[PDB]
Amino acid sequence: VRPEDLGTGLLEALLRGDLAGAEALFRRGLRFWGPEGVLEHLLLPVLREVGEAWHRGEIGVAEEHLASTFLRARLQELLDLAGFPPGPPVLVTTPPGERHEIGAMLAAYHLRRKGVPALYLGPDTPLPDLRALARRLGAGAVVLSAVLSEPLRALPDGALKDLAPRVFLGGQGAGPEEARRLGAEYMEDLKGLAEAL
């Protein structure tokens, strides 16, 4: 399989329920593109296409679920293989009501690859609870991934302002004006996140 066909190959393996084949195709991508590269060039395009195919009525919700669950497992595997250094953690989650978690996982992964102790909480964390954990662990930052815009629109002005000494917001659902309204620093690029600390 040529690299430019890995995405279709992987989606086709998943849609036939061939998890073993899908795992082999993902590892090929990992070896060809490298860790960050396989996420950019294989995991993300496949998930985007799964969303588009669902939207057009070509696949159902259970096919997306199968694929997303598989790809989340592949990223979790990579995350655990990255280093987890000592020192004040960075808490990584999604806003209340945001159930798309893979962006947050990606952010945690990019941070850990640069030696940052990113604690991935899972998605959908109430802000008082997030603030309390950050305070208790002496967390240097909180990072939020917003895939949809609506969970941010549901938050009052300044809702993110005091969660931790630094609060970063990114993802397709976020922009600079909404970050400003909510009292977070907007970050477009996962690359720029490690630098900013």
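For every residue, the number given is its place in the sequence shown, counted from 1. In this text, the rigid core denotes the largest set of C-alpha atoms whose superposition between the two forms falls within 1.5 Å.
Trainee: May I ask which stretch, 25-33 or 125-133, sits farther from the shown form in 6 other deposited structures of this protein once every structure is superposed on the core, judging by RMS CA distance?
Mentor: Checking 25-33 against 125-133 in 6 other deposited structures of this protein, I find the farther stretch is 25-33.
Trainee: If you average the CA temperature factors over each stretch, which comes out higher, 130-138 or 144-152?
Mentor: If you average the C-alpha B-factors of 130-138 and of 144-152, the larger mean comes out for 130-138.
Trainee: Is the mean CA B factor in the deposited entry higher across 184-192 or across 6-14?
Mentor: Of 6-14 and 184-192, the stretch with the higher C-alpha B-factor average is 184-192.
Trainee: Looking at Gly97, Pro86, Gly122, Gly103, which has the highest CA B-factor as recorded?
Mentor: Result of the comparison over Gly97, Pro86, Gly122, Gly103: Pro86.
Trainee: Relative to the other modelled residues of the same chain, rank the CA B-factor of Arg27 and answer lowest, middle or highest third.
Mentor: Tercile = lowest for this residue's CA B-factor.
Trainee: Report the third (lowest, middle or highest) to which the CA temperature factor of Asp157 belongs, ranking only the modelled residues of the same chain.
Mentor: For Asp157, whose C-alpha B-factor we compare with every modelled residue in the chain, the answer is the highest third.
Trainee: Test of reading the entry: by CA B factor among the chain's modelled residues, which third contains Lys114?
Mentor: For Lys114, the deposited C-alpha B-factor lands in the highest third.
Trainee: Which third of the chain does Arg166 land in by C-alpha B-factor: lowest, middle or highest?
Mentor: Top third by C-alpha B-factor.
Trainee: Lowest, middle or highest third: where is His65 by C-alpha B factor in its chain?
Mentor: For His65, whose C-alpha B-factor we compare with every modelled residue in the chain, the answer is the lowest third.
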